[PDB]
Every structure is written in C-alpha cells, then in structure tokens.
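These notes are about the structure you will find just below.
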Amino acid sequence: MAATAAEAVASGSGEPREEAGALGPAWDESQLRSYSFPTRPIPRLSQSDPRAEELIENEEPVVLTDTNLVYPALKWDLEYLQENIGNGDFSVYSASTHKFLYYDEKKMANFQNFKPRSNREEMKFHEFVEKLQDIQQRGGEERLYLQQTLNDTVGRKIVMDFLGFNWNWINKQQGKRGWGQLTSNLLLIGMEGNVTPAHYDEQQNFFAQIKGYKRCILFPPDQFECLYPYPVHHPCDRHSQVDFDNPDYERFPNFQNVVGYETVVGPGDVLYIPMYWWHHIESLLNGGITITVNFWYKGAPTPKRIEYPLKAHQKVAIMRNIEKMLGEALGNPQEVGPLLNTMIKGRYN
Amino acid sequence: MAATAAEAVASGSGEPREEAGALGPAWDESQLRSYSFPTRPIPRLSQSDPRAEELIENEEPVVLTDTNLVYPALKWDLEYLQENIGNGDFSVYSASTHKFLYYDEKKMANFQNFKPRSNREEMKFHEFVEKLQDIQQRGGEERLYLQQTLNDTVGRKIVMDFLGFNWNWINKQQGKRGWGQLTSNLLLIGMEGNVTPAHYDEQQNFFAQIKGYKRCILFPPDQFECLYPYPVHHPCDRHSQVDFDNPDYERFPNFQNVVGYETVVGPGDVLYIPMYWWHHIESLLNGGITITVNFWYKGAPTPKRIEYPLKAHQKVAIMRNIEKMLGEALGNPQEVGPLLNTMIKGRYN
Amino acid sequence: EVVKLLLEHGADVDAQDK
Amino acid sequence: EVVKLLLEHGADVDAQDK
Ligand SMILES: O=C(O)CNC(=O)C(=O)O
Ligand SMILES: O=C(O)CNC(=O)C(=O)O
Ligand SMILES: [Zn+2]
Ligand SMILES: [Zn+2]
C-alpha cells in the first residue's frame with residue numbers, strides 16, 4: 001500500500017546515531033517533542049559526495065557530516081567562551097515559555113497591541129553564565145537564549161579559532177552558488193528544551209552545530225499556504241502564526257497538509273538551510289545546553305532572464321513586495337488587509 | 001424616525017417632470033425597472049447655478065438642464081441620421097436579453113470559457129434602421145444597441161451640427177477641472193427597455209441626452225465593496241458581476257448595502273458621470289428609441305503631492321494596478337487569483 | 001515613486017479596440 | 001521592469017537592528 005509505504009518514508013530524523021568508541025546512543029526519541037504532522041529525513045552526506053553538491057545547487061537541505069567548518073570551535077563550552085569571548089555585550093532573550101518567537105522591535109510601532117512573550121537584555125558573557133547557573137540550582141522555570149552576532153570585541157583565542165574555520169570549503173560554496181557576502185555569524189546558546197518556532201530567513205544559511213543536539217524541522221517554500229506567516233509589517237514577519245503545540249485548524253486549515261523534512265544535528269554537523277525554507281529548531285529535551293554558529297549569506301541576485309513557471313520562492317518574494325508596496329502607498333500598514341480583502345472577496349475567492 | 005426620514009430621502013428620480021405646453025407627464029413610474037436597493041435623487045440644476053459648479057469640481061454627479069451642449073442635435077432622429085451620418089461602419093450589438101454587458105474582445109484570449117451574451121456586427125446606418133424596422137413589424141424579441149464613436153465619415157450636416165455644440169461651456173469645464181483631451185464622442189442608439197449594466201469608466205463623462213428618456217443609476221467609488229467587478233483581466237473588467245434582476249446574495253453579500261443616486265434624463269439634459277462612478281443606464285420601458293452622445297475626457301493627472309487618507313477612486317486605481325502587475329509578473333492572468341488568496345487566507349481575513 | 005506607480009490610471013471605456 | 005521590481009528581495013534574518 002502507498003499509505004503503508006508513506007508511513008515508512010515518514011521516518012523523521014530516523015534511527016539515532018551511535019557515537020564513536022561505543023559511547024552509547026547520541027540521543028533518544030523521548031527527547032523529541034511531539035507534533036501533528038509527518039516528516040521525511042534530510043539527507044546526511046559527506047561533503048565530497050556529489051549528491052550533496054547537487055542538493056546545495058538545487059537549494060535543498062542537506063546535512064554535511066565532515067566539512068570541518070567550525071572544527072576549532074568544537075572545544076567551545078561556557079567556561080572556554082567566558083574566558084575568551086571578550087567584554088562585549090550579548091543579546092540574551094528570556095521567556096517563561098519554551099518558545100522563543102523572534103520579534104522585530106522596529107515594527108512594534110505599527111502593532112501596539114502586540115505584547116512580546118520574550119524579553120531582550122544586553123549583558124556581559126559572565127553575566128549570562130551567572131544567570132544560567134542561578135536558574136539551574138534554584139530550580140527555576142525561566143529560560144534563556146543567547147543570540148549574538150559575533151563582532152570586533154571577541155578575544156584573541158576566539159579570533160584564532162575563527163581563523164581555523166574551513167574558509168576554503170565555504171568560500172568555494174559561496175563562489176559556486178553565486179551568493180552575495182557573508183553578512184554575519186550568529187552565536188546561539190540555548191537551554192535544553194528551547195524552541196525557535198517555524199520561520200524563514202531571507203539569506204542562505206550554513207548552520208554549524210558545535211555543542212549538544214538540535215532537531216531541525218524544515219518545510220519547502222511551496223508550503224507557504226500551510227504555514228500562515230504574520231503580515232509583513234507585523235513584528236513577527238516571516239514567522240508562522242500556527243502554534244505547533246496546539247494548532248488552530250479553524251484559522252489555519254492547510255496546516256493539516258504540512259509535511260516536514262527533519263534531522264538531528266550534533267557537534268561537527270553542518271545543515272544547509274536554503275533561503276526561504278521554513279525551519280523550526282529545538283534543543284533536545286534533557287540534552288543540556290546547545291551551541292551553534294550560523295553563516296548567513298545574501299542570496300544570489302535576480303537572474304537576467306526570468307523563466308516560467310515561477311519558483312515557489314519567487315512567488316513568496318512577490319507576495320512580500322505586494323504587502324510592502326501597499327503599506328507604503330496606503331500610508332498606513334493597518335490598511336493593507338482591508339484593501340486586500342476588498343480586492344478578492346466575491347472577485348477571486 | 002430616522003428610518004422614516006430615510007425612506008423619504010430614498011425618493012429615486014422623484015416626481016416625473018411636466019413637459020412644456022401641458023404635453024403631459026414626460027414618463028411614468030411603470031416605465032422604470034424594479035430593483036432591490038434604495039436610491040437618492042441626483043441634483044438637477046441650472047449650469048449657471050454655483051452648486052452645479054461645486055458638484056462637478058468635487059466630482060459628484062449633477063444633471064445640468066440648460067447647457068445647450070448638443071442643442072443642434074436635438075432634431076436628430078433615425079430618418080435625419082440615415083440621411084446625413086455618412087457611409088461609415090457602425091458597431092451594432094445584438095442580444096436576446098435586455099442587458100447589454102460590454103466585453104473586451106482583446107481580453108477574450110485569457111478567458112476561453114467566457115461566452116458573450118451579445119454580438120457585435122459592423123453595418124451601414126441604413127442597415128441598422130432596416131434591421132430595426134424589420135424587428136418592429138415582425139414582432140420579434142431581438143434587441144439592438146448601436147454604439148459607435150463618431151468619426152471622419154459623418155456627412156456635412158452632422159459636421160455642421162457638431163460645430164453648433166456648446167464648445168464654449170465644455171472647453172471651460174475641461175479647462176477648469178484640469179482634465180486631459182476629449183478622446184471620443186460615443187453615439188448611443190438603443191431600443192426601449194435596453195439596459196447597460198452597472199460599470200465604471202476610466203474617463204470623465206458628460207452624458208448628453210438627445211432623444212427619449214434614460215434612467216441613470218449611479219454609485220460612488222466607495223461602493224466598490226458592494227458591486228464586485230470582474231477581475232481586471234476578464235473581458236468584463238470594470239463591470240459588476242451582480243445580476244441586478246436576480247442578485248446572488250450568497251456570492252455578493254454586500255450588495256445588500258448598496259445605495260444609488262438616480263435620475264431620468266431627457267432631451268437637452270446633460271448628466272455629469274464622474275470618472276470611476278458606477279452607472280447603470282436603462283432606456284425606459286415602452287418609451288421608444290433613445291439617442292445619447294457622450295463626451296469622454298481623460299482624467300486630470302496624478303497630483304504632485306499625495307494627500308492622506310486616500311480617496312476611494314485612488315484605492316480603486318491601486319487595486320487595478322496590483323491586478324495588472326501580478327498578471328504581468330506571474331506571466332499568466334489565471335494565476336493572479338490563487339496568489340491573492342494565498343496572500344490573505346489566515347493572514348489578513 | 002512606488003506610490004505614484006500604483007496611483008497611475010488608464011483611459012479604458014466601453015468602446016471596442018479604442 | 002515591474003516583474004524585476006516584484007522579484008527583488010531583502011536580506012532580513014532573526015537578528016535585531018541588523
Ligand atoms: O538555532 C536556532 O534556534 C534558530 N536559528 C535560526 O533560525 C537560523 O540559524 O536561521
Ligand atoms: O448609455 C448607455 O447605455 C451606456 N453609456 C455609458 O456607459 C457611458 O456613456 O459611459
Ligand atoms: Zn532562522
Ligand atoms: Zn459607461
């Protein structure tokens with residue numbers, strides 16, 4: 001049966017990997033949160049595998065197991081980083097829920113009724129570790145997620161580690177795919193159980209896992225219809241409105257049709273998250289703290305000649321632009337919706 | 001009661017006018033078709049009345065009773081026109097229904113499932129009169145509507161009549177309102193009972209009644225929501241989808257909120273139909289043939305500085321442009337609807 | 001000038017190939 | 001170049017005032 005064969009292919013991140021030296025199962029199923037939708041495995045490949053090159057070229061996710069991208073950073077923990085990462089400020093988000101929904105603070109002026117479920121506090125790295133240690137022994141419920149672009153202020157040893165990254169491999173990827181510049185490296189340090197809810201980014205991403213394990217659930221650009229992003233002028237622009245823990249099928253009926261691609265990344269793994277791909281990222285339950293460094297690249301420019309039919313990501317680009325232009329032309333972002341509704345009701349729906 | 005006072009103001013075209021020399025009621029109520037919505041009178045004013053100038057300036061409909069705009073054309077009938085209008089071709093529409101819905105023949109390639117309820121035949125003027133006489137004595141059901149832009153081929157007497165139009169008055173209106181050029185004069189010769197269903201035009205219109213009586217029902221640009229025009233790429237672009245004789249309230253719920261401005265124009269009356277105003281025009285039942293000449297002017301250009309909030313007609317302009325741009329960008333007009341729906345569903349509605 | 005681009009109008013009326 | 005105007009993209013990512 002195609003139905004039974006479908007349930008076989010819906011195998012998620014699959015059989016948990018065995019760590020070298022018989023050091024036991026890396027992780028187990030009970031560490032994964034439970035969701036309402038099926039998932040297919042993201043290919044886990046060698047960088048020298050021609051299939052991997054083909055997937056990156058076609059802008060499809062692949063986990064590369066042996067890039068050595070952040071090889072020198074594999075020795076990073078809280079102690080090493082507190083000693084070496086400098087006296088700069090670090091953005092630390094704090095929430096009472098496990099979900100850390102990103103919000104654009106520049107867009108909060110348009111949406112005054114929006115109240116953020118997380119707070120951003122700028123602190124020193126030793127303060128983050130102190131606040132982390134504080135919650136751990138107090139048995140508190142507060143969750144933290146350090147999310148900071150790595151800058152000038154990092155110390156000499158972090159700079160040295162940075163130099164030891166596999167720039168050869170990634171410079172060639174940037175070159176071959178026609179991408180623009182590297183815009184940032186985001187350091188992510190999360191607590192066990194922390195969730196970054198489904199969203200897409202407008203940049204190409206090499207997601208380099210350093211410490212702990214992250215389950216990454218991805219959705220293709222053509223599933224825009226199933227994922228219901230906030231309006232473009234909303235602070236949560238690019239993020240799904242659907243609560244994955246309790247999906248509102250009345251408001252979001254096509255979420256019943258959503259199908260993910262998932263994997264669990266650990267130390268040394270690099271996940272290619274293609275531009276415009278939805279991703280939901282969770283630090284495994286009871287897995288300890290996680291560390292990731294991403295590499296964000298501006299996408300390749302719009303091709304000289306347009307080909308038809310359009311790709312899913314091009315239609316997303318289009319919809320975004322329609323929303324922006326309408327916001328500007330109407331002089332008020334709040335007016336976009338009423339105009340769009342007026343445009344389709346009894347005309348296109 | 002405001003409800004009773006509302007039913008008083010909803011007086012339609014009002015008390016039928018008395019023709020000079022006690023020649024009886026110009027028309028009576030039984031000649032008007034019955035519709036589901038209320039209507040308010042369009043002001044019927046002298047051209048020298050300051051209110052009339054104010055209404056045209058504010059782009060609101062007004063009937064001017066004494067312009068003398070087409071004074072020399074008041075002697076026009078079928079015999080006089082057949083004798084003088086030339087050997088040129090005339091577009092004659094033919095229908096089995098009373099409704100003459102305009103269709104863009106250039107847009108019919110996008111919409112192959114669209115079948116026109118009327119047919120265009122090019123003929124000579126004597127052929128139109130012959131075909132008209134043919135149906136009249138045969139007791140047929142076929143309806144004709146001559147609709148032809150007046151051109152080079154008109155004879156000397158029609159040219160002479162044209163010269164005697166009140167160009168002074170209308171040139172000053174064109175000048176004062178900042179309008180563009182006169183683009184055409186449409187001759188309309190319809191049979192009693194003929195209906196032009198609700199639509200708007202993208203030009204300013206002075207609608208000069210010559211023979212017989214027409215009931216004109218107008219709706220302001222802000223009633224776009226109640227009138228449900230076809231998609232912009234549809235042959236019936238700018239026309240209401242609502243069948244006024246049998247309105248589909250399931251498909252078109254806000255048609256229950258529609259409120260018109262109506263008048264009956266006769267020989268010598270000029271109705272200003274402002275650009276973007278919906279108009280439904282019907283030749284009175286058992287009123288004989290009707291003759292009208294319109295004057296179509298390109299609207300005044302987009303002002304240098306934009307003012308907020310936007311006017312209703314500007315939002316209409318905007319919606320039209322969004323539909324056009326999407327048609328072009330997607331490479332296929334049929335794709336506009338699916339993209340628009342995807343954009344709003346569970347996001348803006 | 002996106003606002004100006006969106007506010008521009010044509011001259012379409014009910015007359016064939018005009 | 002309306003098609004090109006509609007196909008253009010920004011560089012927005014989850015990082016504050018970037
Ligand atoms: O790692 C996380 O929790 C979230 N990361 C991202 O969304 C990213 O790198 O694009
Ligand atoms: O007179 C008619 O039947 C229709 N006329 C118009 O739509 C017009 O002049 O704009
Ligand atoms: Zn992301
Ligand atoms: Zn018209």
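Order determines the names: the first chain of the structure tokens is A, the second B, and so forth; residues in each chain are numbered 1 upward, and ligands are numbered 1 upward as they are shown.
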So that I can check the surroundings of residue 117 (chain B), please list as a PyMOL selection string every protein, DNA and RNA residue that reaches within 10 Å of it, counting only C-alpha atoms and ignoring chain neighbours fewer than 4 positions away. chain B and resi 93-97+99-103
What does the file look like for those residues with N, CA, C and O atoms, as a compact mmCIF listing (two decimals), in the first residue's frame?
# COMPACT_ATOMS: atom_id res chain seq x y z
N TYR B 93 -24.64 46.14 -31.55
CA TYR B 93 -24.73 44.98 -30.67
C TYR B 93 -26.13 44.39 -30.71
O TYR B 93 -27.12 45.12 -30.79
N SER B 94 -26.19 43.06 -30.65
CA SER B 94 -27.45 42.34 -30.70
C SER B 94 -27.52 41.34 -29.55
O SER B 94 -26.58 40.58 -29.33
N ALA B 95 -28.64 41.34 -28.84
CA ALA B 95 -28.84 40.43 -27.71
C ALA B 95 -30.26 39.88 -27.66
O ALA B 95 -31.19 40.46 -28.23
N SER B 96 -30.41 38.74 -26.98
CA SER B 96 -31.72 38.14 -26.72
C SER B 96 -32.28 38.63 -25.38
O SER B 96 -33.49 38.64 -25.17
N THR B 97 -31.37 39.03 -24.48
CA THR B 97 -31.72 39.63 -23.20
C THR B 97 -31.75 41.16 -23.30
O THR B 97 -31.23 41.73 -24.26
N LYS B 99 -30.21 43.08 -21.20
CA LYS B 99 -28.90 43.53 -20.71
C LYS B 99 -27.83 43.47 -21.79
O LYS B 99 -27.62 42.43 -22.42
N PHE B 100 -27.16 44.60 -22.00
CA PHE B 100 -26.05 44.69 -22.94
C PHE B 100 -24.72 44.88 -22.21
O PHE B 100 -24.22 46.01 -22.07
N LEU B 101 -24.18 43.77 -21.73
CA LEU B 101 -22.93 43.77 -20.98
C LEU B 101 -21.75 43.90 -21.95
O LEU B 101 -21.57 43.06 -22.83
N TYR B 102 -20.98 44.97 -21.79
CA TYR B 102 -19.77 45.18 -22.59
C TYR B 102 -18.71 44.12 -22.29
O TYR B 102 -18.49 43.75 -21.14
N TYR B 103 -18.04 43.66 -23.34
CA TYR B 103 -16.93 42.71 -23.22
C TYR B 103 -15.75 43.15 -24.09
O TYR B 103 -15.92 43.50 -25.25
Got a sec to tell me which of chain D DSSP assigns to helix (DSSP H, G or I), as an MDAnalysis selection string? chainID D and resid 2:7
Take chain C, lay it over chain D with a least-squares fit on all the Cα atoms in order, then hand it over as a short mmCIF file (atom, residue, chain, number, x, y, z; two decimals) with N, CA and C atoms, in the first residue's frame.
data_model
loop_
_atom_site.label_atom_id
_atom_site.label_comp_id
_atom_site.auth_asym_id
_atom_site.auth_seq_id
_atom_site.Cartn_x
_atom_site.Cartn_y
_atom_site.Cartn_z
N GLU C 1 9.99 46.72 -16.37
CA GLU C 1 10.77 46.11 -15.25
C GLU C 1 9.95 46.04 -13.95
N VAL C 2 8.63 45.91 -14.10
CA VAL C 2 7.73 45.69 -12.97
C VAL C 2 7.95 44.29 -12.39
N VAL C 3 8.16 43.32 -13.29
CA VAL C 3 8.44 41.93 -12.93
C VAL C 3 9.71 41.86 -12.08
N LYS C 4 10.74 42.58 -12.50
CA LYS C 4 12.01 42.62 -11.78
C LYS C 4 11.85 43.31 -10.43
N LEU C 5 11.02 44.35 -10.39
CA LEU C 5 10.73 45.09 -9.17
C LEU C 5 10.01 44.23 -8.12
N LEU C 6 9.16 43.32 -8.60
CA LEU C 6 8.38 42.44 -7.73
C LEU C 6 9.18 41.24 -7.24
N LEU C 7 10.20 40.85 -8.01
CA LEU C 7 11.03 39.69 -7.69
C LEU C 7 12.21 40.00 -6.77
N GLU C 8 12.50 41.29 -6.56
CA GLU C 8 13.63 41.69 -5.70
C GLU C 8 13.39 41.30 -4.23
N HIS C 9 14.48 40.99 -3.53
CA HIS C 9 14.39 40.52 -2.14
C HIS C 9 15.26 41.35 -1.20
N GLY C 10 14.89 41.36 0.08
CA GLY C 10 15.72 41.94 1.13
C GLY C 10 16.66 40.89 1.71
N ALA C 11 17.26 41.20 2.85
CA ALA C 11 18.22 40.31 3.49
C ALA C 11 17.86 40.08 4.96
N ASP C 12 16.57 40.15 5.27
CA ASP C 12 16.07 40.02 6.64
C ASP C 12 16.28 38.64 7.27
N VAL C 13 16.87 38.66 8.47
CA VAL C 13 17.11 37.48 9.29
C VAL C 13 16.73 37.79 10.75
N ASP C 14 16.65 36.76 11.58
CA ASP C 14 16.33 36.93 13.00
C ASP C 14 17.52 37.47 13.81
N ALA C 15 17.81 38.76 13.63
CA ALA C 15 18.84 39.46 14.40
C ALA C 15 18.45 40.93 14.48
N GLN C 16 18.38 41.46 15.70
CA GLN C 16 17.81 42.79 15.96
C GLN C 16 18.68 43.95 15.44
N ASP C 17 18.01 44.96 14.89
CA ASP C 17 18.61 46.11 14.18
C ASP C 17 19.86 45.78 13.34
N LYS C 18 19.69 44.83 12.42
CA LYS C 18 20.77 44.38 11.54
C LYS C 18 20.56 44.89 10.11
#
To check your reading of the model: which residues sit at most 12 Å from ligand 4 when counting only C-alpha atoms and all ligand atoms? Write the answer as a PyMOL selection string. (chain B and resi 100-102+147+186+188+195-207+216-218+238-240+271-282+292-296) or (chain C and resi 12-15)
Each chain B residue no farther than 10 Å from chain A, nearest pair in Å, only C-alpha atoms, as a tab-separated table:
residue	atom	partner	partner_atom	distance
B:224	CA	A:342	CA	7.9
B:225	CA	A:342	CA	5.9
B:226	CA	A:342	CA	9.4
B:227	CA	A:346	CA	9.3
B:228	CA	A:347	CA	6.1
B:229	CA	A:347	CA	6.9
B:230	CA	A:347	CA	6.2
B:231	CA	A:347	CA	6.3
B:232	CA	A:347	CA	9.9
B:240	CA	A:347	CA	9.9
B:241	CA	A:347	CA	8.4
B:242	CA	A:346	CA	9.8
B:250	CA	A:346	CA	9.3
B:251	CA	A:346	CA	5.9
B:252	CA	A:346	CA	6.0
B:253	CA	A:346	CA	8.6
B:254	CA	A:346	CA	9.6
B:306	CA	A:329	CA	9.5
B:307	CA	A:331	CA	9.6
B:308	CA	A:331	CA	7.3
B:309	CA	A:330	CA	7.8
B:310	CA	A:330	CA	7.0
B:314	CA	A:330	CA	9.6
B:315	CA	A:339	CA	7.8
B:316	CA	A:343	CA	9.0
B:318	CA	A:329	CA	8.4
B:319	CA	A:343	CA	6.5
B:320	CA	A:343	CA	8.9
B:322	CA	A:322	CA	7.6
B:323	CA	A:343	CA	8.8
B:325	CA	A:322	CA	9.6
B:326	CA	A:318	CA	8.4
B:329	CA	A:318	CA	8.4
B:330	CA	A:310	CA	7.0
B:331	CA	A:308	CA	7.3
B:332	CA	A:309	CA	9.0
B:336	CA	A:348	CA	8.3
B:337	CA	A:348	CA	5.0
B:338	CA	A:348	CA	7.7
B:339	CA	A:319	CA	7.8
B:340	CA	A:344	CA	7.0
B:341	CA	A:349	CA	6.6
B:342	CA	A:225	CA	5.9
B:343	CA	A:319	CA	6.5
B:344	CA	A:340	CA	7.0
B:345	CA	A:228	CA	7.8
B:346	CA	A:251	CA	5.9
B:347	CA	A:228	CA	6.1
B:348	CA	A:337	CA	5.0
B:349	CA	A:341	CA	6.6
Given only C-alpha atoms and all ligand atoms as the counted atoms, nearest of A:157, A:44, A:143, A:215 to ligand 1: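 With only C-alpha atoms and all ligand atoms as the atom set, the closest residue is A:215.
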As a PDB file with C-alpha atoms, in the first residue's frame, please: the residues near region 120-130 of chain B (cut-off 6 Å, only C-alpha atoms, same-chain neighbours under 2 positions excluded).
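Written file, around24.pdb:
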ATOM      1  CA  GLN B  82     -29.713  57.901 -42.020  1.00  0.00           C
ATOM      2  CA  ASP B  89     -19.453  51.399 -40.467  1.00  0.00           C
ATOM      3  CA  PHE B  90     -21.420  51.360 -37.209  1.00  0.00           C
ATOM      4  CA  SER B  91     -20.982  48.879 -34.345  1.00  0.00           C
ATOM      5  CA  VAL B  92     -24.376  47.336 -33.626  1.00  0.00           C
ATOM      6  CA  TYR B  93     -24.732  44.980 -30.675  1.00  0.00           C
ATOM      7  CA  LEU B 132     -34.675  47.974 -36.554  1.00  0.00           C
ATOM      8  CA  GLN B 133     -37.777  48.284 -38.780  1.00  0.00           C
ATOM      9  CA  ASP B 134     -37.592  44.535 -39.504  1.00  0.00           C
TER      10      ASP B 134
END
Check the DSSP output for the backbone and give back, as a PyMOL selection string, the residues of region 243-324 of chain B in strand (DSSP E). chain B and resi 260-265+270-273+278-283+290-297
Write the selection just made, keeping N, CA and C atoms, as a PDB file, in the first residue's frame?
ATOM      1  N   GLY B 260     -27.925  53.792  -4.397  1.00  0.00           N
ATOM      2  CA  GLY B 260     -27.710  54.523  -5.641  1.00  0.00           C
ATOM      3  C   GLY B 260     -28.145  55.976  -5.630  1.00  0.00           C
ATOM      4  N   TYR B 261     -27.683  56.702  -6.649  1.00  0.00           N
ATOM      5  CA  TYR B 261     -28.136  58.044  -6.941  1.00  0.00           C
ATOM      6  C   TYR B 261     -28.757  57.950  -8.316  1.00  0.00           C
ATOM      7  N   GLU B 262     -30.034  58.293  -8.434  1.00  0.00           N
ATOM      8  CA  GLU B 262     -30.678  58.161  -9.725  1.00  0.00           C
ATOM      9  C   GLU B 262     -31.366  59.416 -10.248  1.00  0.00           C
ATOM     10  N   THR B 263     -31.534  59.420 -11.562  1.00  0.00           N
ATOM     11  CA  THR B 263     -32.202  60.486 -12.270  1.00  0.00           C
ATOM     12  C   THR B 263     -32.751  59.923 -13.581  1.00  0.00           C
ATOM     13  N   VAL B 264     -33.731  60.615 -14.144  1.00  0.00           N
ATOM     14  CA  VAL B 264     -34.135  60.358 -15.516  1.00  0.00           C
ATOM     15  C   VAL B 264     -33.747  61.573 -16.361  1.00  0.00           C
ATOM     16  N   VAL B 265     -32.893  61.340 -17.356  1.00  0.00           N
ATOM     17  CA  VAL B 265     -32.525  62.382 -18.318  1.00  0.00           C
ATOM     18  C   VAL B 265     -33.380  62.300 -19.578  1.00  0.00           C
ATOM     19  N   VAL B 270     -27.937  67.120 -19.582  1.00  0.00           N
ATOM     20  CA  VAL B 270     -26.563  66.633 -19.541  1.00  0.00           C
ATOM     21  C   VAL B 270     -26.312  66.114 -18.124  1.00  0.00           C
ATOM     22  N   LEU B 271     -25.947  64.839 -18.030  1.00  0.00           N
ATOM     23  CA  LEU B 271     -25.541  64.237 -16.772  1.00  0.00           C
ATOM     24  C   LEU B 271     -24.022  64.149 -16.720  1.00  0.00           C
ATOM     25  N   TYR B 272     -23.438  64.753 -15.691  1.00  0.00           N
ATOM     26  CA  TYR B 272     -22.028  64.554 -15.412  1.00  0.00           C
ATOM     27  C   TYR B 272     -21.866  63.218 -14.690  1.00  0.00           C
ATOM     28  N   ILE B 273     -21.212  62.268 -15.357  1.00  0.00           N
ATOM     29  CA  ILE B 273     -20.894  60.983 -14.743  1.00  0.00           C
ATOM     30  C   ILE B 273     -19.416  61.053 -14.384  1.00  0.00           C
ATOM     31  N   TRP B 278     -19.725  54.212 -10.720  1.00  0.00           N
ATOM     32  CA  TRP B 278     -20.581  53.161 -11.256  1.00  0.00           C
ATOM     33  C   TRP B 278     -21.827  53.786 -11.851  1.00  0.00           C
ATOM     34  N   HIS B 279     -22.248  53.274 -13.004  1.00  0.00           N
ATOM     35  CA  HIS B 279     -23.516  53.687 -13.594  1.00  0.00           C
ATOM     36  C   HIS B 279     -24.192  52.542 -14.316  1.00  0.00           C
ATOM     37  N   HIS B 280     -25.501  52.491 -14.112  1.00  0.00           N
ATOM     38  CA  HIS B 280     -26.405  51.525 -14.696  1.00  0.00           C
ATOM     39  C   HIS B 280     -27.336  52.412 -15.494  1.00  0.00           C
ATOM     40  N   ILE B 281     -27.473  52.136 -16.785  1.00  0.00           N
ATOM     41  CA  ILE B 281     -28.254  53.016 -17.645  1.00  0.00           C
ATOM     42  C   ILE B 281     -29.302  52.201 -18.394  1.00  0.00           C
ATOM     43  N   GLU B 282     -30.564  52.610 -18.263  1.00  0.00           N
ATOM     44  CA  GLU B 282     -31.669  51.894 -18.903  1.00  0.00           C
ATOM     45  C   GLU B 282     -32.605  52.809 -19.696  1.00  0.00           C
ATOM     46  N   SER B 283     -32.900  52.407 -20.930  1.00  0.00           N
ATOM     47  CA  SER B 283     -33.853  53.116 -21.779  1.00  0.00           C
ATOM     48  C   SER B 283     -35.264  52.710 -21.373  1.00  0.00           C
ATOM     49  N   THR B 290     -33.982  55.576 -27.924  1.00  0.00           N
ATOM     50  CA  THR B 290     -33.232  56.618 -27.231  1.00  0.00           C
ATOM     51  C   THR B 290     -31.965  56.971 -27.985  1.00  0.00           C
ATOM     52  N   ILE B 291     -31.589  58.243 -27.928  1.00  0.00           N
ATOM     53  CA  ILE B 291     -30.339  58.701 -28.523  1.00  0.00           C
ATOM     54  C   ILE B 291     -29.568  59.534 -27.509  1.00  0.00           C
ATOM     55  N   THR B 292     -28.278  59.232 -27.393  1.00  0.00           N
ATOM     56  CA  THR B 292     -27.371  59.898 -26.476  1.00  0.00           C
ATOM     57  C   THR B 292     -26.053  60.090 -27.198  1.00  0.00           C
ATOM     58  N   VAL B 293     -25.376  61.191 -26.893  1.00  0.00           N
ATOM     59  CA  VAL B 293     -23.984  61.373 -27.300  1.00  0.00           C
ATOM     60  C   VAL B 293     -23.226  61.685 -26.020  1.00  0.00           C
ATOM     61  N   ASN B 294     -22.168  60.930 -25.744  1.00  0.00           N
ATOM     62  CA  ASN B 294     -21.353  61.229 -24.571  1.00  0.00           C
ATOM     63  C   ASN B 294     -20.095  61.993 -24.971  1.00  0.00           C
ATOM     64  N   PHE B 295     -19.419  62.591 -23.994  1.00  0.00           N
ATOM     65  CA  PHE B 295     -18.166  63.304 -24.242  1.00  0.00           C
ATOM     66  C   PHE B 295     -17.178  62.722 -23.250  1.00  0.00           C
ATOM     67  N   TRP B 296     -16.236  61.918 -23.732  1.00  0.00           N
ATOM     68  CA  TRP B 296     -15.272  61.268 -22.841  1.00  0.00           C
ATOM     69  C   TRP B 296     -13.942  62.012 -22.773  1.00  0.00           C
ATOM     70  N   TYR B 297     -13.576  62.445 -21.570  1.00  0.00           N
ATOM     71  CA  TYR B 297     -12.320  63.154 -21.329  1.00  0.00           C
ATOM     72  C   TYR B 297     -11.402  62.349 -20.425  1.00  0.00           C
TER      73      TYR B 297
END
To one decimal place in Å, what is the distance between CA of residue 284 (chain B) and CA of residue 33 (chain B)?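 Calculated distance between CA of residue 284 (chain B) and CA of residue 33 (chain B) is 8.1 Å.
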Can you pull out every residue within 8 Å of residue 85 (chain A), counting only C-alpha atoms, but drop anything in the same chain fewer than 4 positions away, and send it as a PyMOL selection string? chain A and resi 81+125+153-155+157-158
Kindly give the distance, in Å, that separates CA of residue 208 (chain B) and atom 9 (O, counted along the ligand's line) of ligand 2, rounded to a single decimal.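 It comes out at 8.8 Å.
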